[PDB]
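# Survey of secondary and tertiary structure
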Protein chains: 2
Amino acid sequence: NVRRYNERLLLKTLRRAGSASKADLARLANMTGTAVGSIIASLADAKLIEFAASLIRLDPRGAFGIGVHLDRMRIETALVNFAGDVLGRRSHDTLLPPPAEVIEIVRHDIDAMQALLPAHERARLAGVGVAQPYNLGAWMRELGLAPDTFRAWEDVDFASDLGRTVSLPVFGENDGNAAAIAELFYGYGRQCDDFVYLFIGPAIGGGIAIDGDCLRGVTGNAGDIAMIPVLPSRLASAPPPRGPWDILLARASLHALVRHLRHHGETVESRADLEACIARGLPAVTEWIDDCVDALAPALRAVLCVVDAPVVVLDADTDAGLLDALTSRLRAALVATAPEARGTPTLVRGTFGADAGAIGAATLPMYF
Amino acid sequence: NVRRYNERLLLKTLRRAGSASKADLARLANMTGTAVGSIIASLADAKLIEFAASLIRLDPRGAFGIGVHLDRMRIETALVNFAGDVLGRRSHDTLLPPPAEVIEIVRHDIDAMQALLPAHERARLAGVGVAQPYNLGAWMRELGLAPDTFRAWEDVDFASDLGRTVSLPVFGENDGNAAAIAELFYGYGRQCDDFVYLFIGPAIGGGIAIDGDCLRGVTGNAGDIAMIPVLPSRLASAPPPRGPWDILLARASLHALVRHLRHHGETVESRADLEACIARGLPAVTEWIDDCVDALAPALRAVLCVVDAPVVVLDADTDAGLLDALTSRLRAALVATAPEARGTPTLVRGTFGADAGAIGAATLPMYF
């Protein structure tokens, strides 16, 4: 199985270099010219590489994956190629229905994606990845921490239930990890093997890149950014506290922003309502940003104490300026508390935005 | 280099099993009977295994390591064998002198340890490991967070300076990682590959076991338990707060306990003073325990959010009952906040106590 690893590494090195030569792929990865020649030849019979001394790059159309991303107000399905290009997408902005209905919706949308490939190319489609948030469970849902939408989804394995209605093989991943995986393979991870990935969605989520691989955990629950203890919000729109500690989810998620926007009389029912408010420069957004960062900087410091990565990547489900504003304020809060930390990382903007989880979900089938 | 890995794994599997057979070492680790036969034969020529179908165990005297553990009030040097037995130790209960004096102290003590091995066995001595706390740096020292003892040690690489006066090869490790490494190789890690390791010393420290390996980090700074943000102490003996956040170090370290004991009129100058106070059942110890746990339970929850390990190991530099008392209270605090977490780990008492860092420091030379 050591030939399987030397092929993934040669590929990973080509991603970092774009186009490299036989001799270059010896220099990097510190391999013998005889053995990368035999590895290049392995990737060539798999139609995974192509010509750019002769230089080779990955073949963008050498494999395909379909990625499904479920969330409280979004069912999304995307056809992604080997270079991470999104070649097709069906996005439903709807309150997440019961799992039975979603299987039917996703199955049809999986059919429209595979049918975007010509007959002579559908064979390169590796399968389907499903990305979805952690379920907090019944007790925390009925206490107010998670919407009633997820009630029909507790102790329901959607990826398995989907795999028994489609012939393609189905892989499941948490959506924070899936978005980190997109950044690892096609985004900042092409030049950086260690980082903390923060994603501000309806719920906040995240993932942990160590040594070029996404940390998943013993039970698939590593990187659970949403659950880190923080102090209760002091925003007027926050509910009363349930005790001395809250969780990062309550404060640094777009849902908290929507809750705060409604507190100042705004109506927010679609994502387009949310974007319109952000684009109006309302002070209520800045108040939420300050409160968000006030929770997220200490929570992130805790994470950096555990992991010791030099880079933090921040992305979000909604922009219209929101993300740059979050990045500036969070960077300022790190710089102002840097003397009290042993190291302080670089903060970079994520690459894929709302499309991250679907792209990362699509990657799973292509690399296994 | 795939034969180097298959040997470390066969060894790691023997640690877990004690004595196993050729056929057993095939069952476990899922290897071929032909290939573990060739691996057993590799360990036999290295005199690393011995007889307990014929059953084999590791050879306790097949290798040796010397481990050095530096701390603010302790210079310690131990001869450790391949099974983790401590065969010799020189422990100096003294205020940590400048690095120049310590090199001279440790060099003589390294000489007394190697001289405990008979001539025909000194060849199995792999070298020296040095374990020492993270240095907080000048700015945090002069703000009160670290004792003036460490001033002569900032930006001083002790392991390298020691290696240039001894012929043995010298490896350096942080002392929290080193103690985790002892637990990983000889303690709870013989049956458990994933865990968070907490060590209550003069300063608190720790380490992170993932997939059977100690997480070290990009810059050697992973597992920095001491730096996790916590709220300022409300103990009468704590200083005023420096801002809204403190660090776990200020509250969950034995130094905070000593500070609190002095606050109730006790004199504490040696470790024996500290143990006498704990054995008297003074309420001041229970107050500190409550405050310690009040900081450590949220900090640990944060860590578990990142790592997702099912077990937490807790050990301490001083016992006399202190450790069982800390474990009971911390376990109670986890159980009482379990409904607010997505998983809750088992809490176990560490195996090695004050001897952990030296044993883990000694392990480094034997496994490289």
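Residues numbered from 1 in each chain as written, not as in the entry; some residues may be left out. Chains lettered and ligands numbered in written order. Heavy atoms only, no water. Residues with missing side-chain atoms left out of burial classes, pairs and counts.

- Determination of this PDB entry was carried out by X-ray crystallography to a resolution of 2.30 Å, according to the record.

### Topic: the sheet that holds strand β1 (residues 20-21) of chain B
Residue and element names in this part refer to chain B.
- Taken in spatial order, the 3 strands make up an open sheet running β1-β3-β2, and their pairing is antiparallel. In the strand order of this sheet, the two ends are held by β1 and β2 (49-51), each with one partner.
- Across 2 bridges, the pairing between β1 and strand β3 (residues 55-58) is antiparallel. Residue pairing for β3: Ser 21 is matched across the bridge by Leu 55.
- Helix α1 (residues 2-17) rests against β1, β2 and β3 of the sheet, and its axis sits at about 100° to β3. (Pairing = 2+ DSSP bridges. Helix = DSSP H or I, 4+ residues; strand = E, 2+ residues; numbered from the N terminus. Contact = heavy atoms within 4.5 Å. Axes fitted to C-alpha atoms, helices over the stretch in contact; angles between N-to-C directions.)

### Quick word on the interface of chain B and chain A
- Chain B puts 37 residues into the contact, and the matching count from chain A is 37 residues.
- Carbon and sulfur atoms make up 67% of the surface buried where chain B meets chain A, a total of about 3100 Å² over both sides.
- Looking only at chain B, the three residues that lose the most surface to chain A are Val306(B), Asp308(B) and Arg342(B), adding up to 25% of its buried area.
- When the shortest N-O distance is used, the salt bridge between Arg342(B) and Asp224(A) registers 2.9 Å.
- Taken together, the connections running from chain B to chain A amount to 20 residue pairs in polar contact.
- Those elements that provide at least two residues to the side of chain B that touches chain A are α5 (138-141), β10 (204-210) and α11 (283-307) of chain B. (Buried area = accessible area lost by both parts, 1.4 Å probe. Salt bridge = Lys/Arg side-chain N within 4 Å of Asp/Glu carboxyl O. Polar contact = N/O pair within 3.5 Å; in protein donor to acceptor, adjacent residues only side chain to side chain.)

### As for the environment of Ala299(A)
Residue and element names in this part refer to chain A.
- With respect to the element layout, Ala 299 can be found in helix α11 (residues 283-307).
- Each C-alpha atom of the pair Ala 299 and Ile 228 lies 6.4 Å from the other, and the pair is 71 residues apart in sequence.
- Excluding residues that lie within four positions of it along the chain, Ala 299 makes contacts with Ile 228, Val 230 and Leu 248.

### Section: the sheet that holds strand β6 (residues 86-92) of chain A
All names here are of chain A.
- Taken in spatial order, the 5 strands of this open sheet run β6-β5-β4-β7-β8, and their pairing is mixed. If you trace the sheet from one side to the other, it starts and ends with β6 and β8 (170-174), each paired once. The average undirected angle you get between the axes of adjacent strands in this sheet is 20°.
- Note: strand β4 (residues 64-71) against strand β5 (residues 74-81), 8 bridges, orientation antiparallel.

### Remarks on the relation of the copies chain B and chain A
- Expressed as a screw transformation, the operator carrying chain B onto chain A has a rotation angle of 180° and an axial translation of 0.0 Å, and the superposed copies differ by an RMSD of 0.0 Å. Both copies are brought into coincidence by an operation consistent with a two-fold rotation axis.
- Interface overlap between copies is the fraction of interface residues in one copy that are interface residues in the other; for chain B against chain A it reaches 100%, indicating a shared surface. (Least-squares fit on C-alpha atoms.)

### Structural notes on the packing of helix α9 (residues 254-263) of chain B against α11(B)
All names here are of chain B.
- Taken N-terminus to C-terminus, the directions of α9 and α11 make an angle of 140°; their axes are 9 Å apart at the nearest point. Overall, the two elements α9 and α11 adopt an arrangement that is oblique. Classified by chirality, the crossing of α11 by α9 is right-handed. Mapping the contact onto sequence places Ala 256, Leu 257, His 260 and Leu 261 in α9 and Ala 284, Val 285, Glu 287 and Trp 288 in α11.
- For the contact of α9 with α11, the per-class residue count stands at 6 nonpolar, 1 polar and 1 charged. (Parallel < 35°, antiparallel > 145°, perpendicular 65-115°, else oblique. Left-handed = near helix turned anticlockwise from the far one by under 90°. Nonpolar A, V, L, I, M, F, W, Y, C, P; charged D, E, K, R; others polar.)

### Digging into empty space enclosed by the protein
- By volume, the largest cavity is sized at about 330 Å³.
- Along the walls of the largest cavity sit 29 residues, with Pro133(A), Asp175(A), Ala203(A), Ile204(A) and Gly205(A) positioned nearest its centre.
- Residue assignment for the lining of the largest cavity shows that the elements contributing at least two residues are β4, α7 (175-186) and β10 (204-210) of chain A.
- Considering only residue class, the lining of the largest cavity consists of 16 nonpolar, 8 polar and 5 charged.
- In terms of lining residues, the second largest cavity is bounded by 19 residues, among which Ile228(A), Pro229(A), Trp245(A), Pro229(B) and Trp245(B) are the most central. (1 Å grid on protein atoms, 1.4 Å probe; cavity = no way out; pocket = protein on both sides within 12 Å on 5 of 7 lines; lining within 4 Å. Points joined across faces, edges and corners; volume = space filled by probe spheres on them.)

### Section: the packing of aromatic side chains
- Enumeration over the complete set of coordinates arrives at 12 aromatic pairs over all chains.
- When the centroid spacing of 6.4 Å and the interplanar angle of 15° are considered together, the rings of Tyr197(A) and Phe199(A) count as stacked.
- Overall, the relative accessible area of 10% leaves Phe199(A) in the buried class.
- Consider the rings of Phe82(B) and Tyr367(B), whose centres lie 5.4 Å apart with planes at 25°: the pair is stacked. In this pair, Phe82(B) is assigned in the loop between β5 (74-81) and β6 (86-92) and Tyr367(B) in the segment after α13 (356-366), connecting sequence segments 285 residues apart.
- Taking relative accessible area as the criterion, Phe82(B) reaches 1% and is therefore assigned buried. (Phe/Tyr/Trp six-rings, centres within 6.5 Å; stacked < 30°, edge-to-face > 60°. Buried < 20%, exposed > 50% of the residue type's maximum accessible area, 1.4 Å probe, protein only.)

### A few points about the pairing of β6(A)
Residues and elements named next belong to chain A.
- Bridging between β5 and β6 involves 6 bridges; their strand directions are antiparallel. Residue pairing across strands places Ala 78 opposite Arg 89, the latter belonging to β6.
- The antiparallel pairing of β5 with β6 creates a hairpin that spans 4 residues between the two strands, and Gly 84 there sits at a positive phi of about 80°.

### Considerations on the state of the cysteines
- This model, assessed by the stated rule, comprises 0 disulfides over all chains.
- In this structure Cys292(A) is not part of a disulfide, and its nearest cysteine sulfur, from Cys305(B), lies 16 Å away.
- A relative accessible area of 0% places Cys292(A) in the buried class.
- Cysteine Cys192(B) shares no disulfide, and the gap to the nearest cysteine sulfur, in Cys214(B), comes to 13 Å.
- Residue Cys192(B) is classed as buried on the basis of its relative accessible area of 9%. (Disulfide = S-S within 2.5 Å.)

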